[PDB]
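A lone chain, given as C-alpha cells: the form deposited in one PDB entry.
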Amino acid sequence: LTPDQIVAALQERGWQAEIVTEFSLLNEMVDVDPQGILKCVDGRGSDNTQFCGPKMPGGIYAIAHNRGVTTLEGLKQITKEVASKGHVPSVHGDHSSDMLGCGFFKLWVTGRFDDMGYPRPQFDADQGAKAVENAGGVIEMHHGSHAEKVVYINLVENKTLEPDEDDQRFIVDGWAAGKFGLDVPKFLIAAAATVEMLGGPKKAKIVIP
C-alpha cells in the first residue's frame, strides 16, 4: 500500500489525513530497540520501562486479531513468535472492574469488530494477560486519561515514535504489520476503527522516509 492510498482510505472514513516525513519529526523518530516491548497504540503514560518497541493495537493482540487466532494456546504461540522476531511481546490494561479489559482487547471481546468479520476471543482479559506473561511476555499498565491529539501511522521500517503523557498521540507502526505477515488492509482499517471507537481524533499523519 502506498502512502496516498492510506490517506484516501482514512479520508473515506471521515478522517483528516496527510503525509509527513521522518525528517519533519527530527528527534521524535527513534530506532526500534529489540529490548523494547511491542505494545499498544494508546498515548497514555504507563509502567513500561522497555522503550522503542513497535506499536500495534492491543500490543500482540493486533496479530491475534488480524489472523483470527482466538485461543490462549494461540496467544502463547504468538507471544513466542514475537520474541523470536526481535521484540519483547506485551499486552496491556489499566482499569477493569467488569473483567472486559480495556482498549483494543475490550473492543474485540465486546464484539465491536463483528461487522468486519472477526471471530471473538475465547478467553477474557485476565486469562490473556497471564498467558502472555507465562509465555515470556510483559503486561503493561496505563494510568491517567486519554488526551491524544493526533494519530501517527508510521511506515518507516524499524523505527517508531514514543508516548508522551503530556502531549499525547496515538502511534501505529504500519510497517510492523508487514513484518508479521498480516493482512495489511485489514490491519489498517482495524487500527482506524480502534481509534474511532476509543473516542480518539480522526486526524492522522502518515510518516514516510
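If you superpose the two forms and keep the largest set of C-alpha atoms that fall within 1.5 Å, you have the rigid core. Note that residue numbering begins at 1 and tracks the sequence as displayed.
J.: Mean C-alpha B factor from the entry: is it higher for 26-34 or for 168-176?
T.: Higher of the two, by average CA B-factor, is 26-34.
J.: Taking the recorded C-alpha temperature factors, which stretch has the higher mean, 191-199 or 16-24?
T.: Result: 16-24.
J.: Per the coordinate record, which of the options 89, 101, 121, 74 holds the highest CA temperature factor?
T.: Of 89, 101, 121, 74, 101 has the highest C-alpha B-factor.
J.: So if I compare the CA B-factors in the entry for 145, 66, 70, 160, which one is the largest?
T.: Among 145, 66, 70, 160, the highest C-alpha B-factor in the entry belongs to 145.
J.: Ranked by Cα temperature factor within the chain, is residue 133 in the lowest third, the middle third or the highest third?
T.: It falls in the bottom third of the chain.
J.: Pull the Cα B-factor of residue 60 out of the PDB entry and bin it into the chain's lowest, middle or highest third.
T.: Its C-alpha B-factor belongs to the lowest third of this chain's values.
J.: In terms of the chain's CA B-factor thirds, is residue 153 lowest, middle or highest?
T.: Within its chain, residue 153 is a lowest-third residue by C-alpha B-factor, going by the deposited values.
J.: Split into thirds by Cα B-factor across the chain's modelled residues, where does residue 206 land: lowest, middle or highest?
T.: Lowest third, going by the recorded CA B-factors of the chain.
J.: Per the entry's values, where does residue 79 land by CA temperature factor relative to the rest of its chain, in the lowest, middle or highest third?
T.: Lowest third.
The form deposited in another entry exists for this protein as well; it is not shown, and the discussion that follows is about that form.
J.: Core fitted between the shown form and the other one: which of 122, 96, 77, 134 shows a C-alpha shift of 2 angstroms or more?
T.: After core superposition, the one over threshold is 96.
J.: Pin down for me whether the residue 98-residue 110 Cα distance shrinks or grows in the other entry relative to this form (closer or farther, change of 3 Å or more).
T.: Residues separate in the other entry, at least 3 Å farther apart.
J.: Have a look at residue 96 and residue 72: in the other entry, are their Cα atoms closer together or farther apart than in this form, given the change is 3 Å or more?
T.: Here the pair is closer than in the other entry; there, farther apart.
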